[PDB]
Each structure stands twice: as C-alpha cells, then as structure tokens.
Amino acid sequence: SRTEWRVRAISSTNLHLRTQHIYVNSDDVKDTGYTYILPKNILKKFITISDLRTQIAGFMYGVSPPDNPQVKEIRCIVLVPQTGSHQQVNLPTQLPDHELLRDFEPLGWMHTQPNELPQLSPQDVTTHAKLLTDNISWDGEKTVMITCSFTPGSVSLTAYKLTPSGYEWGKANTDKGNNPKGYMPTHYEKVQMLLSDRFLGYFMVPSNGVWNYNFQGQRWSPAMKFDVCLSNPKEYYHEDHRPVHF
C-alpha cells in the first residue's frame, strides 16, 4: 500500500520524542574495564532513522582520550546494507572498509530493539561471537554491543561485552530463537557507558545511498560487497527505501 507507506513515514517522524527520555542501565557494572562514551547527537539521529518493530544496526568506531586509558569515545557509526526482524539484524559478512575508518578503533556495534530485555539476547551473543571470530581487527577486550530498547515513551540503553565463555558458546550456537541450549547470563557482562553531548559523532552509509533493505530483501545477501561514504542517514521510510514496487 502506497498510502500506508506514507502514513507510517508520517508517524515515524515522532520518533524524536523518545530521545527526550533516555535511560542508561549502568547498574552494578564491574569497575574493571573501559567506559564507553556515546555522543548524544548520533544516538538521537540513530533513533530517528530507526523503527519500533524492525531492528536496525550500525558499527561503532572511536578513539582513546589522551588522558584516560580506560575511556573509549564512540565518534563514528557506520550503517551497512541490512535487513532485520523484531529479534535480530542481518549484516553482510564483509565489514565496512574506508580510509577514514582505518584510523579509528573498531568498538563493536549498536542496535535498536522492540522491548527492554532482562538479559542480552542469545541472538546478540551469537552475532557478536561471529563478528569477533571473523574479524581480526575486533578486540574482544574492547568491542561491545549497545542495545537501544524502546520502552513506553522512551529509549533505554545498555552496553555489554562477551565473556570468554560467551564467545565460545556464541561461536557454536545453531538455533536462532530465544532459548538455545547452554545459554547462561555468564556468557556476557555489562559495561559502563555514558551518553554525552560533550562532542559530536558522524555517520557513514553505503555509497549508493541505501542502507535499509527491509523492503528490498531480494537485493540483499550476506555476501554482498559495498563501499561507504560520509553522510547524514536517511530515515527508515525514506523514499529510497521503498520496495521496487508495491
């Protein structure tokens, strides 16, 4: 329905309201490790181009502040060609590559999620374990996952790191559902994160100007190759994201 598309596009412009009420779960995090600083400007933009029901994601890149070795500041988010569901996001096996990105530290990924969950999803652990094993540039000691859970009238953020055992389990997991065998809360660990407007972050999207393939699944595949470039991300229901035909 072309009309429905226009209606959804309209209601989605109210997503920014949720970024007025942001919550960060820093509850009982180990005092050992890194603290992640996410810029408010990119978290807000990330929410405005997202969707309440279908998850989206982006890879995070950042730097190490000269005066605090235990702090990692996220300065760039890369949106890759993708499709997703209420339970997960589907990303190409090929990591983004660009001269501008090579001098940053890969810090993991972030993604939206329909509801707040009592535990990190088994899917997230599996997706993260895959990203680690395949990419030598991904340091398990610094890469993390930030979940942006939509809660009534707001968004709730949490950052996690995989535990050595979680990495092992994730690398072997074969059932995408919500209760895989051997899944324990000891497979991941919460990490400290801050949402700050002290500095700004930037976005990089696919060079063809299309990151959202949720209405063009036939053009998406795990093996697809792509390039990226600096740019302001297009919303979920942007003109260029609609199906080749209704």
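Quick note: we count residues from 1 along the sequence shown, nothing fancier.
- Annotation for 65 to 73 versus 52 to 60: the higher mean temperature factor (C-alpha) is found in 65 to 73.
- The PDB entry reports B-factors from which the mean C-alpha value can be compared for 26 to 34 and 209 to 217; the larger average falls on 26 to 34.
- For the set 89, 132, 172, 79, the PDB entry assigns the largest Cα B-factor to 172.
- In this structure the maximum Cα B-factor among 194, 43, 200, 184 is found at 184.
- When the CA B factors of the chain's modelled residues are split into thirds, the value for residue 148 lands in the lowest one.
- Remark: residue 8 belongs to the lowest third of its chain, ranked by C-alpha B-factor as recorded.
- When the modelled residues of the chain are ordered by their C-alpha B factor, residue 160 lands in the middle third.
- Looking at the C-alpha B-factors along this chain, the one for residue 121 belongs to the highest third.
- Per-chain ranking of the deposited C-alpha B factor places residue 140 in the highest third.
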